[PDB]
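upload_5.cif follows (mmCIF, N, CA and C atoms and all ligand atoms):
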data_work
loop_
_atom_site.label_atom_id
_atom_site.label_comp_id
_atom_site.auth_asym_id
_atom_site.auth_seq_id
_atom_site.Cartn_x
_atom_site.Cartn_y
_atom_site.Cartn_z
N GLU Q 139 27.62 37.80 4.41
CA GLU Q 139 27.25 38.88 3.50
C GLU Q 139 25.82 38.71 3.01
N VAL Q 140 25.30 39.73 2.32
CA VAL Q 140 23.95 39.71 1.78
C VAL Q 140 24.00 40.12 0.32
N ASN Q 141 22.95 39.75 -0.41
CA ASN Q 141 22.79 40.09 -1.82
C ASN Q 141 21.50 40.86 -1.98
N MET Q 142 21.49 41.84 -2.89
CA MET Q 142 20.41 42.81 -2.94
C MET Q 142 19.93 43.04 -4.36
N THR Q 143 18.67 43.46 -4.45
CA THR Q 143 18.07 43.94 -5.69
C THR Q 143 16.80 44.69 -5.31
N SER Q 144 16.65 45.91 -5.82
CA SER Q 144 15.53 46.77 -5.48
C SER Q 144 14.41 46.58 -6.49
N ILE Q 145 13.23 46.19 -6.01
CA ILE Q 145 12.07 46.06 -6.89
C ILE Q 145 11.56 47.44 -7.26
N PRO Q 146 11.38 47.75 -8.54
CA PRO Q 146 11.03 49.12 -8.94
C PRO Q 146 9.69 49.61 -8.41
N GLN Q 147 8.60 48.89 -8.69
CA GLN Q 147 7.27 49.34 -8.29
C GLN Q 147 6.60 48.42 -7.28
N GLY Q 148 7.35 47.55 -6.62
CA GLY Q 148 6.76 46.67 -5.62
C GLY Q 148 5.97 45.52 -6.18
N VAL Q 149 6.19 45.14 -7.43
CA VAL Q 149 5.50 44.02 -8.06
C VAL Q 149 6.54 42.97 -8.43
N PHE Q 150 6.32 41.73 -7.99
CA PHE Q 150 7.24 40.63 -8.23
C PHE Q 150 6.51 39.53 -8.97
N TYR Q 151 7.27 38.67 -9.65
CA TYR Q 151 6.69 37.58 -10.43
C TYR Q 151 7.23 36.24 -9.96
N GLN Q 152 6.31 35.32 -9.65
CA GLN Q 152 6.47 33.95 -9.22
C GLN Q 152 6.48 33.01 -10.42
N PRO Q 153 7.33 31.98 -10.42
CA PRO Q 153 7.33 31.01 -11.53
C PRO Q 153 5.97 30.39 -11.82
N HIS Q 154 5.35 29.72 -10.84
CA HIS Q 154 4.06 29.05 -11.01
C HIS Q 154 4.08 28.11 -12.21
N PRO Q 155 4.73 26.95 -12.11
CA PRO Q 155 4.95 26.11 -13.30
C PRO Q 155 3.80 25.20 -13.69
N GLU Q 156 2.68 25.21 -12.97
CA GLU Q 156 1.59 24.31 -13.36
C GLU Q 156 0.80 24.91 -14.53
N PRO Q 157 0.31 24.08 -15.44
CA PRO Q 157 -0.50 24.59 -16.56
C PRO Q 157 -1.90 24.97 -16.12
N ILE Q 158 -2.60 25.68 -17.02
CA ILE Q 158 -3.96 26.15 -16.80
C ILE Q 158 -4.80 25.71 -17.99
N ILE Q 159 -5.86 24.95 -17.73
CA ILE Q 159 -6.53 24.20 -18.79
C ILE Q 159 -7.65 25.00 -19.45
N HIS Q 160 -8.52 25.66 -18.68
CA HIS Q 160 -9.67 26.38 -19.23
C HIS Q 160 -10.59 25.44 -20.01
N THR Q 161 -11.22 24.54 -19.26
CA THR Q 161 -12.11 23.53 -19.82
C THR Q 161 -13.22 24.16 -20.66
N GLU Q 162 -13.80 23.34 -21.53
CA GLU Q 162 -14.90 23.74 -22.40
C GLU Q 162 -16.20 23.01 -22.08
N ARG Q 163 -16.16 21.68 -22.01
CA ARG Q 163 -17.34 20.89 -21.65
C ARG Q 163 -16.87 19.54 -21.13
N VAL Q 164 -17.80 18.84 -20.48
CA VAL Q 164 -17.53 17.54 -19.87
C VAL Q 164 -18.44 16.50 -20.50
N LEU Q 165 -17.89 15.33 -20.80
CA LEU Q 165 -18.62 14.25 -21.44
C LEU Q 165 -18.60 13.01 -20.56
N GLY Q 166 -19.59 12.16 -20.75
CA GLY Q 166 -19.69 10.91 -20.00
C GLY Q 166 -19.87 9.73 -20.92
N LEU Q 167 -19.21 8.62 -20.58
CA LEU Q 167 -19.20 7.44 -21.42
C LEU Q 167 -19.32 6.19 -20.56
N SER Q 168 -19.63 5.07 -21.21
CA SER Q 168 -19.73 3.77 -20.56
C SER Q 168 -18.98 2.73 -21.38
N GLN Q 169 -18.46 1.71 -20.71
CA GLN Q 169 -17.66 0.70 -21.37
C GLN Q 169 -17.56 -0.53 -20.48
N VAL Q 170 -17.31 -1.68 -21.11
CA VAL Q 170 -17.18 -2.96 -20.42
C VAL Q 170 -15.81 -3.54 -20.73
N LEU Q 171 -15.18 -4.16 -19.72
CA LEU Q 171 -13.80 -4.61 -19.85
C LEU Q 171 -13.67 -6.04 -20.37
N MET Q 172 -14.49 -6.97 -19.89
CA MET Q 172 -14.54 -8.35 -20.40
C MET Q 172 -13.18 -9.05 -20.26
N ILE Q 173 -12.80 -9.29 -19.00
CA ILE Q 173 -11.58 -10.04 -18.71
C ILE Q 173 -11.83 -11.52 -18.95
N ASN Q 174 -11.00 -12.13 -19.80
CA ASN Q 174 -11.12 -13.54 -20.13
C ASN Q 174 -9.73 -14.18 -20.13
N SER Q 175 -9.63 -15.40 -19.60
CA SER Q 175 -8.35 -16.07 -19.49
C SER Q 175 -8.05 -16.99 -20.67
N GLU Q 176 -9.06 -17.34 -21.47
CA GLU Q 176 -8.82 -18.22 -22.61
C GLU Q 176 -7.92 -17.56 -23.65
N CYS W 837 -24.38 28.64 -34.05
CA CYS W 837 -25.56 29.42 -33.71
C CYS W 837 -25.14 30.49 -32.72
N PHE W 838 -25.47 31.75 -33.02
CA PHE W 838 -25.01 32.91 -32.25
C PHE W 838 -23.48 32.90 -32.30
N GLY W 839 -22.79 32.99 -31.17
CA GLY W 839 -21.34 32.91 -31.17
C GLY W 839 -20.83 31.52 -30.86
N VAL W 840 -21.64 30.73 -30.16
CA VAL W 840 -21.21 29.40 -29.74
C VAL W 840 -21.34 28.42 -30.90
N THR W 841 -20.36 27.52 -31.01
CA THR W 841 -20.36 26.47 -32.01
C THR W 841 -20.79 25.16 -31.36
N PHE W 842 -21.61 24.39 -32.07
CA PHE W 842 -22.12 23.12 -31.58
C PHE W 842 -21.43 21.98 -32.31
N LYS W 843 -21.07 20.93 -31.57
CA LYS W 843 -20.43 19.76 -32.14
C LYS W 843 -21.29 18.52 -31.91
N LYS W 844 -21.18 17.57 -32.83
CA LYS W 844 -22.01 16.38 -32.77
C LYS W 844 -21.61 15.50 -31.58
N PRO W 845 -22.57 14.77 -31.01
CA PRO W 845 -22.21 13.79 -29.98
C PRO W 845 -21.36 12.68 -30.56
N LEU W 846 -20.48 12.12 -29.73
CA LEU W 846 -19.56 11.08 -30.17
C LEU W 846 -20.09 9.72 -29.77
N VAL W 847 -20.06 8.77 -30.71
CA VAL W 847 -20.46 7.41 -30.42
C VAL W 847 -19.32 6.69 -29.71
N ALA W 848 -19.66 5.73 -28.86
CA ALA W 848 -18.68 5.04 -28.03
C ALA W 848 -18.72 3.55 -28.32
N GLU W 849 -17.54 2.93 -28.39
CA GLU W 849 -17.46 1.49 -28.52
C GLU W 849 -18.00 0.83 -27.26
N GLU W 850 -18.86 -0.18 -27.44
CA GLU W 850 -19.56 -0.76 -26.30
C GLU W 850 -18.62 -1.59 -25.43
N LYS W 851 -17.77 -2.41 -26.05
CA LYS W 851 -16.91 -3.33 -25.32
C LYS W 851 -15.48 -3.22 -25.81
N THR W 852 -14.55 -3.60 -24.94
CA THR W 852 -13.14 -3.72 -25.28
C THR W 852 -12.64 -5.06 -24.77
N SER W 853 -11.62 -5.61 -25.43
CA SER W 853 -11.02 -6.87 -25.03
C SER W 853 -9.53 -6.66 -24.81
N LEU W 854 -9.01 -7.21 -23.72
CA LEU W 854 -7.61 -7.03 -23.34
C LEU W 854 -6.81 -8.28 -23.67
N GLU W 855 -5.79 -8.13 -24.51
CA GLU W 855 -4.91 -9.22 -24.91
C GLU W 855 -3.47 -8.76 -24.73
N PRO W 856 -2.92 -8.84 -23.52
CA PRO W 856 -1.58 -8.28 -23.30
C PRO W 856 -0.50 -9.06 -24.02
N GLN W 857 0.58 -8.36 -24.36
CA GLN W 857 1.75 -8.99 -24.96
C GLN W 857 2.57 -9.71 -23.90
N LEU W 858 3.08 -10.89 -24.26
CA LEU W 858 3.83 -11.72 -23.34
C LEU W 858 5.25 -11.94 -23.86
N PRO W 859 6.26 -11.95 -23.00
CA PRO W 859 7.62 -12.23 -23.47
C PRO W 859 7.76 -13.66 -23.96
N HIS W 860 8.66 -13.86 -24.92
CA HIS W 860 8.92 -15.17 -25.50
C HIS W 860 10.29 -15.64 -25.02
N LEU W 861 10.30 -16.64 -24.14
CA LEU W 861 11.57 -17.15 -23.61
C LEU W 861 12.29 -18.02 -24.64
N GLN W 862 11.53 -18.77 -25.44
CA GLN W 862 12.08 -19.64 -26.49
C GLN W 862 13.03 -20.68 -25.91
N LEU W 863 12.57 -21.41 -24.89
CA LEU W 863 13.36 -22.50 -24.35
C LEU W 863 13.42 -23.65 -25.34
N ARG W 864 14.54 -24.38 -25.33
CA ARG W 864 14.78 -25.41 -26.33
C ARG W 864 14.67 -26.83 -25.79
N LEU W 865 14.81 -27.04 -24.48
CA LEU W 865 14.65 -28.38 -23.93
C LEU W 865 13.24 -28.92 -24.15
N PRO W 866 12.17 -28.15 -23.92
CA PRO W 866 10.84 -28.65 -24.26
C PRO W 866 10.73 -28.99 -25.74
N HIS W 867 9.66 -29.73 -26.06
CA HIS W 867 9.45 -30.34 -27.38
C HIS W 867 10.72 -31.00 -27.92
N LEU W 868 11.41 -31.76 -27.06
CA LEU W 868 12.51 -32.62 -27.46
C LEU W 868 12.26 -34.07 -27.04
N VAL W 869 11.00 -34.49 -27.00
CA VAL W 869 10.65 -35.82 -26.50
C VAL W 869 11.17 -36.90 -27.44
N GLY W 870 11.29 -36.57 -28.73
CA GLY W 870 11.76 -37.56 -29.70
C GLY W 870 13.14 -38.09 -29.38
N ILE W 871 14.02 -37.23 -28.87
CA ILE W 871 15.36 -37.68 -28.51
C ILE W 871 15.30 -38.67 -27.35
N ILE W 872 14.43 -38.41 -26.37
CA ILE W 872 14.26 -39.36 -25.27
C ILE W 872 13.73 -40.69 -25.79
N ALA W 873 12.76 -40.64 -26.70
CA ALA W 873 12.22 -41.87 -27.28
C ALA W 873 13.30 -42.64 -28.02
N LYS W 874 14.17 -41.94 -28.74
CA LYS W 874 15.29 -42.60 -29.41
C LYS W 874 16.24 -43.22 -28.39
N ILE W 875 16.46 -42.55 -27.26
CA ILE W 875 17.31 -43.10 -26.21
C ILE W 875 16.71 -44.39 -25.66
N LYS W 876 15.38 -44.45 -25.57
CA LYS W 876 14.73 -45.63 -25.01
C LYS W 876 15.06 -46.89 -25.82
N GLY W 877 15.04 -46.79 -27.15
CA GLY W 877 15.28 -47.94 -27.99
C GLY W 877 16.71 -48.11 -28.48
N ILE W 878 17.65 -48.34 -27.56
CA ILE W 878 19.04 -48.54 -27.98
C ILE W 878 19.21 -49.88 -28.67
N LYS W 879 18.69 -50.95 -28.08
CA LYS W 879 18.65 -52.28 -28.70
C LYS W 879 20.04 -52.80 -29.04
N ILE W 880 20.85 -53.03 -28.01
CA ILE W 880 22.16 -53.63 -28.22
C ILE W 880 22.01 -55.14 -28.40
N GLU W 881 22.66 -55.67 -29.44
CA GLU W 881 22.58 -57.08 -29.78
C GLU W 881 23.88 -57.78 -29.42
N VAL W 882 23.78 -58.84 -28.63
CA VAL W 882 24.92 -59.66 -28.23
C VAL W 882 24.61 -61.11 -28.53
N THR W 883 25.51 -61.77 -29.26
CA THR W 883 25.35 -63.17 -29.64
C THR W 883 26.28 -64.03 -28.79
N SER W 884 25.75 -65.12 -28.26
CA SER W 884 26.55 -66.00 -27.41
C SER W 884 27.68 -66.63 -28.20
N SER W 885 28.88 -66.59 -27.63
CA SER W 885 30.08 -67.15 -28.25
C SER W 885 30.41 -68.48 -27.59
N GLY W 886 30.52 -69.52 -28.40
CA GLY W 886 30.73 -70.86 -27.91
C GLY W 886 29.55 -71.79 -28.09
N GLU W 887 28.33 -71.25 -28.17
CA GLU W 887 27.18 -72.09 -28.50
C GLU W 887 27.29 -72.62 -29.92
N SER W 888 27.79 -71.80 -30.84
CA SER W 888 27.93 -72.23 -32.23
C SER W 888 29.09 -73.21 -32.39
N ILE W 889 30.14 -73.06 -31.59
CA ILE W 889 31.35 -73.86 -31.75
C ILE W 889 31.30 -75.06 -30.81
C1 LIG F 901 3.56 -20.45 -28.11
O1 LIG F 901 3.90 -21.35 -29.16
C2 LIG F 901 3.80 -20.77 -30.46
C3 LIG F 901 4.08 -21.87 -31.46
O2 LIG F 901 5.34 -22.48 -31.21
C4 LIG F 901 4.75 -19.58 -30.59
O3 LIG F 901 4.50 -18.94 -31.83
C5 LIG F 901 5.71 -18.80 -32.60
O4 LIG F 901 6.46 -17.65 -32.20
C6 LIG F 901 7.69 -17.47 -32.93
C7 LIG F 901 8.39 -16.28 -32.33
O5 LIG F 901 7.66 -15.08 -32.54
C8 LIG F 901 7.38 -17.29 -34.42
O6 LIG F 901 8.60 -17.19 -35.14
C9 LIG F 901 6.57 -18.47 -34.93
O7 LIG F 901 6.18 -18.25 -36.28
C10 LIG F 901 5.33 -18.68 -34.08
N1 LIG F 901 4.58 -19.84 -34.52
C11 LIG F 901 3.25 -19.87 -34.62
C12 LIG F 901 2.64 -21.15 -35.10
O8 LIG F 901 2.56 -18.89 -34.32
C13 LIG F 901 4.54 -18.59 -29.46
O9 LIG F 901 5.57 -17.60 -29.48
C14 LIG F 901 4.55 -19.29 -28.10
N2 LIG F 901 4.24 -18.35 -27.04
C15 LIG F 901 5.14 -17.94 -26.14
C16 LIG F 901 4.64 -16.97 -25.11
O10 LIG F 901 6.30 -18.34 -26.15
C1 LIG F 902 26.44 38.27 -3.51
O1 LIG F 902 27.36 39.34 -3.79
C2 LIG F 902 28.73 38.94 -3.81
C3 LIG F 902 29.55 40.19 -4.01
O2 LIG F 902 28.93 41.31 -3.39
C4 LIG F 902 28.95 37.90 -4.90
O3 LIG F 902 30.31 37.46 -4.87
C5 LIG F 902 28.02 36.71 -4.69
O4 LIG F 902 28.14 35.80 -5.78
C6 LIG F 902 26.57 37.18 -4.58
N1 LIG F 902 25.70 36.06 -4.29
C7 LIG F 902 24.68 35.69 -5.09
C8 LIG F 902 24.48 36.52 -6.32
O5 LIG F 902 23.96 34.74 -4.82
#

Using structure tokens, write down the structure from this file.
Amino acid sequence: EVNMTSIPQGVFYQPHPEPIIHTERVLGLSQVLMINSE
Amino acid sequence: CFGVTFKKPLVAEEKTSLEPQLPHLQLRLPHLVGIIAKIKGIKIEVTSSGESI
């Protein structure tokens, strides 16, 4: 058997679960880790 | 200024130090050397029987 549903105006909607960020600006930084065993 | 808002630059810490947390087993056999030292000095005393008599 088959299952049916008629789309009214030919427009369908997809889930698309990933977020959308819309960034503002990008920054740059520097840092030192200093691994020590003592 | 105009429509855009300006924010101050952020200062950054120069260095970081890593000190990870370690599990504590809490074993009890270590630091028990005193008991071994006590075992070393048993010092059983036996006096000859018949030398006096
Ligand atoms: C290394 O030894 C020290 C000293 O025995 C341990 O520090 C003790 O840890 C216990 C459990 O947290 C505390 O109740 C004591 O007060 C601590 N004593 C001191 C002097 O700090 C330490 O836990 C040990 N390290 C490991 C990884 O077992
Ligand atoms: C398809 O339709 C039948 C009845 O026509 C129904 O029993 C079945 O559950 C439907 N399947 C779906 C909705 O996936």

Report as a PDB file with N, CA and C atoms, in the coordinates of the input which protein, DNA and RNA residues come within 5 Å of ligand LIG 901 (chain F), using all atoms listed in the file.
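Output file result_10.pdb is given in full below:
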ATOM      1  N   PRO W 859       6.260 -11.950 -23.000  1.00  0.00           N
ATOM      2  CA  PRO W 859       7.620 -12.230 -23.470  1.00  0.00           C
ATOM      3  C   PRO W 859       7.760 -13.660 -23.960  1.00  0.00           C
ATOM      4  N   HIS W 860       8.660 -13.860 -24.920  1.00  0.00           N
ATOM      5  CA  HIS W 860       8.920 -15.170 -25.500  1.00  0.00           C
ATOM      6  C   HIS W 860      10.290 -15.640 -25.020  1.00  0.00           C
ATOM      7  N   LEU W 861      10.300 -16.640 -24.140  1.00  0.00           N
ATOM      8  CA  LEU W 861      11.570 -17.150 -23.610  1.00  0.00           C
ATOM      9  C   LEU W 861      12.290 -18.020 -24.640  1.00  0.00           C
TER      10      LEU W 861
END

Q: Would you kindly report the residues of chain Q within 8 Å of chain W, using all atoms listed in the file, as JSON, numbers by chain?
A: {"Q": [167, 168, 169, 170, 171, 172, 173, 174]}

Q | Expected answer as a count of residues only: residues within 12 Å of ligand LIG 902 (chain F), only C-alpha atoms and all ligand atoms | A | 5

Q.
Please report the interatomic distance between CA of residue 176 in chain Q and CA of residue 865 in chain W in Å with one decimal.
A.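 CA of residue 865 in chain W lies 25.6 Å from CA of residue 176 in chain Q.
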